[PDB]
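As structure tokens, the structure follows; a few thoughts come after it.
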Amino acid sequence: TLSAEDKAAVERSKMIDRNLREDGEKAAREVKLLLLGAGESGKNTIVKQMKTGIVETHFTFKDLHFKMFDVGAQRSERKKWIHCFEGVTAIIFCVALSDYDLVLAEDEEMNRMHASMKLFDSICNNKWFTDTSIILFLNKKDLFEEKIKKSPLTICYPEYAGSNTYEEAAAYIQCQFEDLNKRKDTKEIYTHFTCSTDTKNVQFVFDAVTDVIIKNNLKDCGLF
Amino acid sequence: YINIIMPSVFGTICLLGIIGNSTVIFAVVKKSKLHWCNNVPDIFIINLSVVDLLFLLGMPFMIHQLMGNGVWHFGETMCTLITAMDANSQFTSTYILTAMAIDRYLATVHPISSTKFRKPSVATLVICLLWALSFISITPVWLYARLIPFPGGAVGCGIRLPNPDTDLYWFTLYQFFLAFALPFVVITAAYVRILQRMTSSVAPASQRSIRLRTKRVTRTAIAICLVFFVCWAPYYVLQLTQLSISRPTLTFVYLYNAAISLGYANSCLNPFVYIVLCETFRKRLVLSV
Amino acid sequence: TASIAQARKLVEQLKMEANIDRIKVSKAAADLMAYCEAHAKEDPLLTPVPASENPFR
Amino acid sequence: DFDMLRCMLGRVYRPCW
Amino acid sequence: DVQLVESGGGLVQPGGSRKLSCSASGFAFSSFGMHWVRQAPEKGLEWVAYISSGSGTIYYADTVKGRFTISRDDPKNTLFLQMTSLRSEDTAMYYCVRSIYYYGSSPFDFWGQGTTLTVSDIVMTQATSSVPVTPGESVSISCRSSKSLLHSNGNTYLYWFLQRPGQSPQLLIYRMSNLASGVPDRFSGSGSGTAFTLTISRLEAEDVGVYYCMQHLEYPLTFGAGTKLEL
Amino acid sequence: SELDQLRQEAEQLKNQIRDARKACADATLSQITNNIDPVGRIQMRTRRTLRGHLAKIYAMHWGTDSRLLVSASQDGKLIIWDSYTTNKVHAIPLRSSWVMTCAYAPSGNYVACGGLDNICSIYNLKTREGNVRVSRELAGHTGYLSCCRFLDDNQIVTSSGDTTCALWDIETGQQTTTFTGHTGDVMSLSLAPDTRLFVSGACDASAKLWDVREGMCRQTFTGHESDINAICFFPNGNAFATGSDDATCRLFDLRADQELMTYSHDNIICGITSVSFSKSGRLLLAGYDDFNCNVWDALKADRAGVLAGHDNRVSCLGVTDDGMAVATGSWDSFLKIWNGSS
């Protein structure tokens, strides 16, 4: 019982539905990455290799489009907007390896490495990221090898009782972050040792995201 | 005891299969909020339950000539319709099962390139095409479904081939190939490739999440292949064996009726494989209960 | 001298908020009760309208 | 309660040979 | 700026074929439904064809259905009218009209300049053909319809158009009461059921022209004869 | 010395305010409204379901005609709905998809939206080109935009996570007035019916009354134990209600300068996302994280009804200007229209 103008309005509404459906299918094929980390942790160097309030970076790698979101400039309360990223493909967390014997500029008493661990566990164990995989980047690998000779890891980790070598100190730090995973069944942590001249960081993200895509396909298909 | 044991098997399978298939249909429909499904895996799983439900609803109309006095009471007109109806349901469920395993192969071994054509529209087109291929594959079934005069005053619905001496071979082999041989090879090949490619190269296999993922997917791929084989191998093993057999004995007849029940059990066990072995579906179903 | 400057600003604000005129709660409660009673009939959610006058049949 | 020695082809009977 | 330019008109032989083009610029062409409205010499407006946004719906007048074809090219922002078996009845100035349909919109708001082609059903009645008018004096123009233009949704689909001499028709009132954008507030549309009145308070020189009433209740869209105001 | 003296004076002034509020608290709203009859059971049905959003809906706002509404979802779309016919009038693609608030101009010619991009974007709905285009981008907030409300086609008041509220001149794009004094992220704002004052709720668990023309905070309202997420004026403009994370809704009176009623239940332990009043103010509607919307008897603090039709958190709601219907948006990507029946 529509009029001539009502019918054309319904036809316009269905044209809008056609474009909304097209946009959603395009958006489902894209990879959304929440880039987190502390200051001077190499987080900005990651963006430079993958070329307001939130900074969004788009890049395509091997027929896959990535959307990287930087929320470093958001100085507000994280809990008021952290739920907006529930549903991202994964989280990229940047940790500076060389920032283990250093301390926070403001606190002047809290170790920088412990600050990263405190932030890592509040994100990994957050209720909005229960089954969200984490791509853990351990940056400044070359600087860590130079500093480990002079400053032992025992300054940051008193319980550490291993050799004062990069091959053992770096592995101990890698396990400390992974041991913070309070849910070792619903999510996995992909750990990569990056640097200031590395060129395999984007390749690693593609490999780690591919595993997340497979895992989500298995859940939807009912195999998992 | 024989007159009570056989009806009990069909009665239990039909009722339990209807309960299981109705649960999957209800949960998927509720997940879709009473609207067309936007998920390719949900399109395949709800259509498989429908055909399985159709295969089980039509079970008593096909087996009543095996448990009572061996008499077909529905006449010749329903003899051709129901026999084609039962044949169509078995083939469609098998084809949807094979298409569902190929769909899972694409979503795992080709996680990037398959997103171009793993759309809800393409899934509906494929599933509708599976019904079309099922109608063609049951053409000899309904062309020759005629009443068979048994000795005495009793008749039964059956297949009367124009050349029963020679046409009996191609009729068995073409149904054996399309419904057991070819789909099982594709389904088995699909899942072994999934188990070989279910994780990326950099996945932390030492982590418990990857070990738990591999264990759960492995037993789901085994259960799907094992249920299909167990419920359909004896039916088609006896299908090929009876070609040489001229006068069946009581033991062969009892085995053949058991094989028929196992074939219906596949449509009873398919919904419960998804209900039990899928943690995401099972947890969501428990919440509603 | 950031803390001392902020302290003056906070104290000055509290002086403005402390010198306003406040009526009794019973007086304030009556006005809220009176407004609802006056507008009760013209509230569709409070008193549902017949389906003939409902734009969302 | 019948002579259940009939030949079968699929889920339906067939004439014995 | 919004612009609709028609081309392709000219002298043709009877029974021949001619192609009309409408070039759109300055607005979102793909979001607008498009109409062809013709005007025979010394005659009123006559609606020809309609293609909706997205080409999903097409309507034709009965006098042209089967011989005329309306089509659009959204990437090139062009509207087409392929005409065949042209008769002397098809000799008219054809106008390109845009109309967008959503809640609260104003259809038929912009008309093209039109191209002249020469060849070698609710009834809208405007009984008063001519009205002698003077500046500053209130003028009322009446329109009648065989069927009630009031719909069950509350709308009364009656439109008013002013065609000043030598110019394209200009929308004044849409849905019998709403004033089109850019139209002075002195124009007002009032009516009820099948009878409608357009009131022009403080008449000016620019108001001189022929006023048409169109109904949009259902297709085919029909115009009134036209009431001409002269000094 | 001087700093220590000043902070003691602030405590004395706070004690003076508390005693002044206690002096005028002769009776309680519950005692005054104890005699009146309850509203009974409020039953509403989902008249319409607005489908088309493919992500979580964070904001919605009705038009002044009580028929058009705009919804903001993090799929990057601003959609204007015809609630009568469920027709989609417009679909506005957003440059930033992290939208947290949307507004509808009282004239209906503009809609606003803004989120984590710290920008309040003004969109023109009435163009000669037939498409919705951005007319202004209001920059200057250093935190995410949490709420915005038009005063007219040229003025809009916005709240941000930088603990400030701003009044903007849209033609010039500059904030004419800045409202400072909150110590936590401001999460909501509500204009008074006369648009001369507005209230804001922040993460410091306090509500402030602001003078739009003068630009200063007039009254401060405390009592909530956690972040205030929602705030709404009473229809007469002499009171307002807030919704907080402490699972309570509270009603404050401007002239009494103190809380009048608390709307809480023992079974309710989740945060409150949105609050709204009916046309008469008798019903207070609140959205919750428990996926439901509870109807409250504002005068008697009794739960009158429950709007349970969403499968995820109810993030927004609004009541039309004629009080005919109430719309609820949710993270399940659906909007629903509710009203009762005789």
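Protein sequences, first through last, are from chains A, R, C, L, E and B. Going letter by letter, the first sequence gives residues 4 to 54, 182 to 354 in the deposited numbering. Taking the deposited numbering, the leading residue of the second sequence gets 107, the next gets one more, and so forth. Taking the deposited numbering, the leading residue of the third sequence gets 6, the next gets one more, and so forth. Taking the deposited numbering, the leading residue of the fourth sequence gets 1, the next gets one more, and so forth. Going letter by letter, the fifth sequence gives residues 1 to 120, 137 to 247 in the deposited numbering. Taking the deposited numbering, the leading residue of the sixth sequence gets 2, the next gets one more, and so forth. We put the beta carbon where it would ideally sit given N, CA and C, even for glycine.
CB contact below 8 angstroms: residue i versus chain B
i, result
"residue 52 of chain A", "no"
"residue 27 of chain A", "yes"
"residue 8 of chain C", "yes"
"residue 26 of chain E", "yes"
"residue 187 of chain A", "no"
Residue i at chain A interface by Cβ criterion, 8 angstroms
i, result
"residue 233 of chain R", "no"
"residue 236 of chain E", "no"
"residue 75 of chain E", "no"
Interface flag, residue i vs chain R, CB-CB below 8 angstroms
i, result
"residue 350 of chain A", "yes"
"residue 295 of chain A", "no"
"residue 1 of chain A", "Since the displayed chain A opens at 4 and closes at 354, residue 1 of chain A lies outside it and no answer follows."
"residue 212 of chain A", "no"
"residue 271 of chain A", "no"
First through last residue of the alpha helix (DSSP H) which encompasses residue i
i, result
"residue 8 of chain B", "3-24"
"residue 233 of chain A", "No alpha helix (DSSP H) holds residue 233 of chain A; DSSP gives it neither H nor E."
"residue 229 of chain B", "Counting along the chain, residue 229 of chain B falls outside any alpha helix (DSSP H), though it belongs to the beta strand (DSSP E) covering 229-234."
"residue 210 of chain A", "Neither: residue 210 of chain A is in no alpha helix (DSSP H) and is coded neither H nor E."
"residue 362 of chain R", "356-383"
8 angstroms Cβ cut-off: residues of chain B touching residue i
i, result
"residue 22 of chain A", "92"
"residue 2 of chain E", "129 and 130"
Opening and closing residue of the beta strand (DSSP E) in which residue i lies
i, result
"residue 166 of chain B", "165-170"
"residue 212 of chain B", "207-212"
"residue 255 of chain R", "251-255"
"residue 58 of chain E", "58-60"
"residue 37 of chain A", "34-40"
Per-residue contacts from residue i into chain B (C-beta, under 7 angstroms)
i, result
"residue 19 of chain A", "89 and 92"
"residue 120 of chain E", "Within 7 angstroms Cβ-Cβ: nothing; residue 120 of chain E doesn't reach chain B, min ~39 angstroms."
Interface flag, residue i vs chain C, CB-CB below 8 angstroms
i, result
"residue 312 of chain B", "no"
"residue 182 of chain B", "yes"
Beta-carbon neighbours of residue i, restricted to chain E and to distances below 7 angstroms
i, result
"residue 15 of chain A", "53, 101 and 102"
Partners in chain L for residue i, counting only beta-carbon separations shorter than 9 angstroms
i, result
"residue 352 of chain R", "7, 16 and 17"
"residue 209 of chain R", "Per Cβ cutoff of 9 angstroms: no residues; residue 209 of chain R is ~29 angstroms from chain L at best."
Within chain B, partners of residue i - CB distance below 9 angstroms
i, result
"residue 57 of chain C", "The contacting residues do not exist; residue 57 of chain C stays about 10 angstroms from chain B at best."
"residue 205 of chain A", "143, 144, 162 and 163"
7 angstroms Cβ cut-off: residues of chain A touching residue i
i, result
"residue 318 of chain R", "315"
Chain-ordered chain A contacts of residue i [CB-CB under 9 angstroms]
i, result
"residue 328 of chain R", "Within chain A, no residue comes near residue 328 of chain R; the closest Cβ sits about 11 angstroms away, beyond 9 angstroms."
"residue 292 of chain R", "Here the premise fails: no neighbours, minimum Cβ distance about 16 angstroms."
"residue 188 of chain B", "210"
C-beta neighbour in chain E for residue i, strict 8 angstroms
i, result
"residue 70 of chain B", "no"
8 angstroms Cβ cutoff, residue i in contact with chain L
i, result
"residue 189 of chain R", "yes"
Contacts of residue i in chain E (Cβ-Cβ under 9 angstroms)
i, result
"residue 6 of chain A", "167, 168, 169, 171, 173, 232, 233 and 234"
Closer than 8 angstroms at the beta carbon, the chain A residues around residue i
i, result
"residue 107 of chain E", "8"
- prompt: Just by C-beta distance, which residues in the stretch 110-123 of chain B are closer than 9 angstroms to chain E?
  reply: none
query: Can you list the beta strand (DSSP E) stretches of 3 or more residues lying completely in the stretch 237-268 of chain B, in chain order?
result: 240-245, 250-254 and 259-264
query: Going along the stretch 244-275 of chain B in order, which residues come within less than 8 angstroms of chain E, judged by CB to CB distance?
result: none
task: Please list the segments of the beta strand (DSSP E) lying wholly inside the stretch 170-230 of chain E, counting only runs of 3 or more residues, in order along the chain.
output: 174-179, 185-190, 203-208 and 211-216
- request: Anything in the stretch 73-84 of chain B with a Cβ closer than 7 angstroms to a Cβ of chain A? List those residues in chain order, please.
  value: 75, 76 and 78
- prompt: Where are the beta strand (DSSP E) runs, 3 residues long or more, that stay fully inside the stretch 304-341 of chain A, in chain order?
  reply: 319-323
task: May I ask you to list, following chain order, the residues of the stretch 27-49 of chain E that have a beta carbon less than 9 angstroms from some beta carbon of chain B?
output: 27, 28, 29, 31 and 32
message: Please give me, in chain order, every unbroken run of the beta strand (DSSP E) with length at least 3 that falls completely inside the stretch 121-170 of chain B.
response: 121-125, 134-139, 146-151, 156-161 and 165-170
Alpha helix (DSSP H) runs wholly inside the stretch 240-276 of chain A, at least 4 long, in chain order: 242-254
- request: Residues of the stretch 157-169 of chain R with a CB closer than 8 angstroms to any CB of chain L: list them in chain order, please.
  value: 168 and 169
- prompt: Going along the chain, which residues of the stretch 126-149 of chain R sit with their C-beta nearer than 8 angstroms to a C-beta in chain L?
  reply: none
- prompt: What residues in the stretch 246-264 of chain R bring their beta carbon closer than 9 angstroms to a beta carbon of chain L?
  reply: 247, 251, 254, 255, 256, 257, 258, 260, 262, 263 and 264
message: What ranges does the alpha helix (DSSP H) occupy inside the stretch 259-322 of chain R, keeping only unbroken runs of at least 4 residues that lie completely in it?
response: 273-282 and 288-302
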